[PDB]
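Residue numbers (PDB author numbering), protein chains in the order written: chain A, 28 to 127, 253 to 430, 456 to 509; chain B, 28 to 127, 253 to 430, 456 to 509; chain C, 28 to 127, 253 to 430, 456 to 509; chain D, 28 to 127, 253 to 430, 456 to 509.
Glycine included, C-beta positions come from ideal geometry on N, C-alpha and C.
There are 4 protein chains.
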Amino acid sequence: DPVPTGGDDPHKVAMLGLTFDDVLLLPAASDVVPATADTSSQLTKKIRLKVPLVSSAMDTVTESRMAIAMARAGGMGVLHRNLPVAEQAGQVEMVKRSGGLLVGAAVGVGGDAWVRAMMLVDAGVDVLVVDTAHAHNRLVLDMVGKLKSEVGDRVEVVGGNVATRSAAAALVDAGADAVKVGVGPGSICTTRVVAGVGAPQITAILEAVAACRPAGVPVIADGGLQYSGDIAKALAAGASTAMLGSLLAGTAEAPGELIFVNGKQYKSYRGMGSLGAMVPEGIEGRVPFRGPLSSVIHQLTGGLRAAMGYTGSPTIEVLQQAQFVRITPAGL
Amino acid sequence: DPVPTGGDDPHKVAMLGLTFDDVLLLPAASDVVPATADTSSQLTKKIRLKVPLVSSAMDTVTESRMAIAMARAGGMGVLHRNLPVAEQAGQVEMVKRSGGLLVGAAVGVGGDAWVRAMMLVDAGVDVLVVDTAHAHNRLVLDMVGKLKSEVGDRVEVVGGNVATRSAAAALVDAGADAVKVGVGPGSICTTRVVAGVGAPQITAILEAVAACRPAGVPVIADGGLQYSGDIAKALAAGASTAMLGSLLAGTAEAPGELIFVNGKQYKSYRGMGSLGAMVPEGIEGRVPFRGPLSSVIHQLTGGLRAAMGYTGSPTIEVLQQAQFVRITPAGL
Amino acid sequence: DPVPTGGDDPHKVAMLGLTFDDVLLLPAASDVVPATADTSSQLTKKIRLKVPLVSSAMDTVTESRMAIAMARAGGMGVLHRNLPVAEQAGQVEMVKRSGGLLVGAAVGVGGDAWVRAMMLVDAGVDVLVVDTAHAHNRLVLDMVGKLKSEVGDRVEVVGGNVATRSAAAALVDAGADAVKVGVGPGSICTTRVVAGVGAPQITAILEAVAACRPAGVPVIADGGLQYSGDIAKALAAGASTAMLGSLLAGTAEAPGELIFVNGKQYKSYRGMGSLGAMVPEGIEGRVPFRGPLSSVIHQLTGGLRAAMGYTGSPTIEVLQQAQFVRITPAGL
Amino acid sequence: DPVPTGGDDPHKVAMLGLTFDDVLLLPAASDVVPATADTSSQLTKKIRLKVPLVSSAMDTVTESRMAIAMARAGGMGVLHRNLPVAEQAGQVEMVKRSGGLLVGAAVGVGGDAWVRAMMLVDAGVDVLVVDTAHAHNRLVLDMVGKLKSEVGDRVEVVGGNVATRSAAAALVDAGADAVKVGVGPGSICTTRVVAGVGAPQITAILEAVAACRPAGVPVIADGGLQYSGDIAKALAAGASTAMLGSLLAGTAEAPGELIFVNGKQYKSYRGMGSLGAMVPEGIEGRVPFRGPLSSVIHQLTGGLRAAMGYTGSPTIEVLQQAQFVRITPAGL
Ligand SMILES: O=c1[nH]cnc2c1ncn2[C@@H]1O[C@H](COP(=O)(O)O)[C@@H](O)[C@H]1O
Ligand SMILES: O=c1[nH]cnc2c1ncn2[C@@H]1O[C@H](COP(=O)(O)O)[C@@H](O)[C@H]1O
Ligand SMILES: O=c1[nH]cnc2c1ncn2[C@@H]1O[C@H](COP(=O)(O)O)[C@@H](O)[C@H]1O
Ligand SMILES: O=c1[nH]cnc2c1ncn2[C@@H]1O[C@H](COP(=O)(O)O)[C@@H](O)[C@H]1O
Ligand SMILES: Cc1n[nH]c(C)c1S(=O)(=O)Nc1ccc2c[nH]nc2c1
Ligand SMILES: Cc1n[nH]c(C)c1S(=O)(=O)Nc1ccc2c[nH]nc2c1
Ligand SMILES: Cc1n[nH]c(C)c1S(=O)(=O)Nc1ccc2c[nH]nc2c1
Ligand SMILES: Cc1n[nH]c(C)c1S(=O)(=O)Nc1ccc2c[nH]nc2c1
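1) So, helix, strand or coil for B/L399, using DSSP?
2) Could you pull the DSSP bridge partners for B/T393 from this structure?
3) Roughly how many whole angstroms lie between the Cα atoms of D/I493 and D/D65?
4) Can you list, in chain order, the residues of its chain with a C-beta nearer than 7 angstroms to that of C/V464? Leave out the 5 residues immediately preceding and following it.
5) Residues in the region 29-51 of chain A with C-beta within 9 angstroms of chain D's C-beta atoms, listed in sequence order?
6) Keeping to the same chain, check which residues put their C-beta closer than 7 angstroms to that of D/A326; ignore five residues upstream and five downstream.
7) If I'm right that B/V349 touches A/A507 with Cβ under 8 angstroms, what's the distance once you round it to whole angstroms?
8) Which residues mark the beginning and the end of the beta strand (DSSP E) in which A/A330 is found?
9) Specify whether the region 385-395 of chain D and the region 353-362 of chain D touch according to this definition: at least 3 beta carbon pairs, one from each stretch, less than 8 angstroms apart.
10) Going by DSSP, what residue range makes up the beta strand (DSSP E) through residue 441 of chain C?
11) For the beta strand (DSSP E) containing C/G256, name the first residue and the last one.
12) Taking all protein chains shown into account, decide if D/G375 is buried (16 or more other Cβ within 10 angstroms of its Cβ) or exposed.
13) Tell me the DSSP secondary structure of A/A41 in three-state form.
14) Using a Cβ-Cβ cut-off of 9 angstroms, state whether B/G390 counts as contacting chain A.
15) Ligand 7 and C/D283: does the residue's C-beta get closer than 8 angstroms to at least one heavy atom of that ligand?
16) Give, in chain order, every residue of the region 347-372 of chain D whose Cβ lies closer than 8 angstroms to some Cβ of chain C.
17) Within 10 angstroms of its Cβ, does C/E405 collect 16 or more other Cβ (buried), or is it exposed?
18) C/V495: which of C/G480, C/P469, C/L387 sits nearest, CA to CA?
19) Would you check if the distance between the CB atom of C/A320 and the CB atom of C/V333 is smaller than 9 angstroms?
20) Within this structure, are the beta carbons of A/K77 and A/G102 separated by less than 9 angstroms?
21) Cβ closer than 7 angstroms: which chain E residues qualify as neighbours of C/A315?
22) What does the Cβ neighbour count give for B/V267, buried or exposed, with the cut at 16 atoms within 10 Å?
23) Around the Cβ of B/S301, are there at least 16 other Cβ atoms within 10 angstroms (buried) or fewer (exposed)?
24) Is it the case that the CB of D/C341 approaches a heavy atom of ligand 7 more closely than 8 angstroms?
25) With DSSP collapsed to three states, give me the class of B/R344.
26) Looking at the unbroken beta strand (DSSP E) that takes in C/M103, where does it start and where does it end?
27) Quick one: what does DSSP say residue 442 of chain D is sitting in, helix, strand or coil?
28) Which word fits B/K385, buried or exposed, when buried means at least 16 other C-beta atoms lie within 10 angstroms of its C-beta?
29) Ignoring anything shorter than 3 residues or poking outside the region 461-505 of chain C, list the beta strand (DSSP E) runs there in chain order.
30) Does the beta-carbon of C/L399, which I'm using as the reference point, lie nearer than 8 angstroms to any heavy atom of ligand 3?
31) Residues of chain D with a CB under 8 angstroms from the CB of A/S318: which are they?
32) Can you tell which of A/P37, A/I504, A/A62, A/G489 has its C-alpha closest to the C-alpha of B/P352?
33) For D/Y379, which residues does DSSP report across the bridge?
34) Are there any heavy atoms of ligand 7 lying less than 8 angstroms away from the beta-carbon of C/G348, as far as the coordinates show?
35) Check whether the Cβ of D/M424 sits closer than 8 angstroms to any heavy atom of ligand 8, and report yes or no.
36) Taking C-beta pairs closer than 9 angstroms, name the residues in chain C that B/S380 reaches, listed in chain order.
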């Protein structure tokens, strides 16, 4: 008996991938107005933010200025790692000396990454982020495991990115405090194009949460967020926080200079895997200038608070139990 | 066992949302020609219209001129509430003194809305419309309940908007005469975008009717109507009347001045939740000038009468029992 | 238990509608080359054509010139009825006197149509076509029934259009020799838009054939044919012949003058329900000039012969037993 | 009981067709980095390539220059047959004398093709490719069978193209060393348009592999490849090698001259069934100039190596066991 899509193997095409556009949040009974909502959520197992938003570790998104402004908004910024260890560790100190704010930093795998991690820890970093494209590799799982063995008492360790239930479960057993989710959904991403590899984030979050939540490990949604509604959809899918890159790249606190071409205003926004950021799995694009960060954060949270009012969710942990309605291509 | 879209929860993604474009009306045996059709239907439990159409309570759609012309066409207009109570109540009297025509008015929740409601009732209004974005909030359900307790004998009370079966059922038990349906499908709406919250109207109507019809409570379809066919689809989905905003905003009887820019003619059409109508959940757009109201109403009903001829529906109550055929994205 | 698309009624949304773009013909074992294929098929129960194509009864498609050229190509033309009976009957004689060619003519319902039918029969017409938008009306079923009772011995009677199994079955019992299928799929059609009524033709043909074929009554596919592949898809869906309008409107043998505007060449093509052809259910559009008819027919049949080579179909009656593969929106 | 898409026959619409855009590769546990991957795979039952890529047998894609450069890159080129046998056989010798490189050549069916095949074999060709549009014809199956009987000991025989399980199974029993798959998915192809015949390649590969792999016969994916990800998707679907035409037509080693029109650079790329290549089942289009071949091959393989890193596939034979996730139209 042939499978209705080809072959005799039902599990060849495992499941159906849903993205942010595929779904909409169902309104339920509510005692919650946007004003009274509690947007506080867990970034890690130890760290709680007033705003469940994080800025991406990219050289056109998050450094000193951004990382500080993000913390003061209630969230947190993660410093990118496309620069000498000495300066990145220096930026950590600049943030921490601005009022003891929360800050994160990105590291890869290997000796260079390990050395970098130690300097960051000494610099007083709060969260180390093992930044890889495919965290289901056994090298990444070891990088997380040993880091947690050495500095796990005073520093939080986060692994990513994953897109499957098994990958997230592997990170949990590795000792990760949080599991960042997103393989391919990025705006400047071309992993889906050059490798044909990816997983629609709504399904990706749902699968990852199914492995992390039973272990009490927070999940970070990374990439593919175009609007504030996507943030609410991500958290309702089970995620605890959301990492933004495209939505913050046009802000003034973000790296890259202004672009007054065409009479309009833009800012540079490139993937960390773009040819000019070093087979290129990223592109160097532009994003419309969106003014100060605080203005953008205020409206992203505003839409989030609205969704919590529609779904009758007083807290984020309740919003994570909302229900979706599936949307047909005519939904746009 | 994993759900084919993620997670182990089958009810996480509850149902599949259908919109007007997703469906088409199936032709059946007919003794009905468009000329002999009876378009009369129930707006409320007490009030019946010759034309099952209502103009939206928006400051660019329905005031004195529109509300009068709508009644004379067989339908009814609902006065918006973005203006002093004294003037809105005055517009009610202007309509009622033009031949004892039917008129509706919109109110919110709280003290201001209650005071406004009393002035409108004293002004001789026929239908009070509790105009909210999310009527499943217990504050709205109380606003409807107490209003019906005070002036329910001489004034009809309508609650909205809902998008789910449970929400509509709550409005029925609150004592509502009619339940208006539509969360997100509006043309100038951005609730789906900023909050990620909504429900495709065909499914939204079907679910709401499943709760209202057994209680004998009429259902109003609100928003998402681009063509006259959508009106027929809405009523066939179970709705008794349809509320139009975009289709009437370009009419001469509608507020907002003419726009002769580009050598073409347009009129202002903004959502009541747009930034300039006061986190903005609406936009200020333009719609093509469509001449007098009576001309538009005549052709909307004409398409409605045609659909009643194809489906063999002599009355609207029979049209509500028509069958749909589901359309693939290649349907456009 | 709620239906996954709304309501508690599984039959509210009866079935899923497939159009020509939704499907593709599956290649099978073949002893057939395009050269050796037999494109002959049944227009009616008595009449067989060398080419299973018919030109639409429209005032911008089929009159004297077209009806003659169609017959000489192996097919047949159906004269439209937007003109005095005296002239339409005269055009029948002009065709018949050009070598005893096959010709069809369109009539409506009522006294005028009955009188028209008699003049056409006296003029030596071979096929009378009851041309209506909704042939499931009992007035149409009577028009077919009595016509077949009066002149059924020497003239073939065809009813249309239908889109459902029950409608086609009603036409068969009325005594129809052929059942024309198509409600809404027309290019210049707006029935789907103004009335929200229609049925995707692949499904429409499949349902109609399921009622006609057991009774041995040929089925005509009408409207929605953009390419020659659609012709092969229509016949493989069970149809015996296909009626073309858009594909022949740009031909020189078709009514309407040349349009040299923009430096390109077009011809007038309007629906019989367009405002200028007399609530308008049609539009007045333009189609690219495609030269002589014989050139177009030669290439439409060429693509048809190719499909018969891929599917291993020596005759049209074998092609009607081909299998489809369903195509996702990424199919385009 | 009616089938939800029409008719009473469930097998009328056999299965659902998936293309490259419909699917994405699921990331799994990996010990594989792109550097350590082994891209080697089987072109035929006897011949193994270092790079699983083949250039299409088209007069705008693969001749002497291309066929040589392809072999030196690890793959192989297949010489087209739109030229005298004397010259095509001469091009084989030019390739073989450049270091004993691997080369293929295309033949049709009949006497001319048989004579051509013998000259090619004498010219020292390694792979004969029976190039037809529909290899499920019994004439093609005989052409493959007898060729393998005459020169099967010293020359490999490949049949194509197929799109169904039964067609591929027929080629295997005919004695084919490899089965090329692809009916309709070509970029310059119009078989889907003029004949309405085709089969989405992911499903087409899956069905063909289900018949070939049990017999140990390699499968070639032909046409429909827009990106390097599609190559990884094709092989993961079960294919052993992929035939490229559009991706290599813009290369300098490809036939057709440069096109400096519009200030940009293009090259001629026409189907072998295009009107100017001799009912036309092809078109004469243009493709952007992409520089040398080696540069393109290096990046196609680079994306392939990436996908092998994400899916934990050390070898191509392991990549063939990867799992897909189905993507909704919102996936783009
Ligand atoms: O170059 C790249 N290729 C693929 N993914 C990337 C690349 N650079 C950044 N990303 C991911 O995409 C996210 C940004 O997605 P966005 O917020 O939707 O723009 C980042 O936080 C990374 O997880
Ligand atoms: O600003 C807004 N945000 C969201 N929905 C709105 C807003 N303003 C009006 N609506 C709704 O949208 C309807 C109009 O939809 P339309 O007729 O499709 O233009 C109104 O009757 C309201 O129910
Ligand atoms: O004005 C109209 N409204 C709706 N359908 C029409 C109208 N005029 C013609 N048709 C139908 O559409 C067919 C032509 O479709 P086409 O060949 O796809 O252009 C005709 O043969 C009629 O069946
Ligand atoms: O003219 C044609 N009509 C249909 N298919 C063609 C034609 N010419 C080439 N093809 C096929 O399409 C493939 C190229 O597809 P592409 O690489 O996606 O451009 C070739 O290798 C052939 O299998
Ligand atoms: C190829 C690579 N190795 N290490 C990094 C960092 C990268 S990256 O620059 O390309 N970044 C990302 C980030 C998120 C992703 C999700 N899917 N793919 C991704 C790639
Ligand atoms: C946010 C708000 N509170 N009260 C009102 C009135 C509004 S509104 O201006 O935004 N109007 C609507 C009207 C219909 C809607 C359907 N979904 N969302 C909606 C919003
Ligand atoms: C409204 C009407 N009454 N009689 C005729 C003829 C018409 S028409 O001009 O509009 N023609 C058609 C023809 C085919 C159709 C398929 N669906 N709808 C259709 C309408
Ligand atoms: C019509 C014909 N006969 N022999 C050849 C060669 C051709 S072709 O030039 O058109 N080539 C192809 C090649 C691949 C195809 C996949 N589907 N259809 C195809 C056609």
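In short:
1) coil
2) B/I372
3) 7 angstroms
4) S398, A401, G402, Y418, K419, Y421
5) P29, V30, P31, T32, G33, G34, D35, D36, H38, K39, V40, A41, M42, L43, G44, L45, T46, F47, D48, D49
6) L293, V296, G297, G311
7) That belief does not hold up - the Cβ atoms of B/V349 and A/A507 are roughly 18 angstroms apart, past 8 angstroms.
8) 330-333
9) yes
10) No atoms of residue 441 of chain C appear, because in chain C residue 430 is followed directly by 456.
11) 256-259
12) buried
13) strand
14) no
15) yes
16) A347, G348, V349, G350, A351, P352, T355
17) buried
18) C/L387
19) yes
20) yes
21) This model lacks chain E altogether; the protein chains it does include are A, B, C and D.
22) exposed
23) exposed
24) no
25) helix
26) 103-106
27) Within chain D, residue numbering steps from 430 directly to 456, and residue 442 of chain D belongs to the interval with no atoms modelled.
28) buried
29) 461-465, 501-504
30) yes
31) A55, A56
32) A/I504
33) D/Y379 is not bridged to any residue.
34) no
35) yes
36) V345, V346, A347, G348, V456
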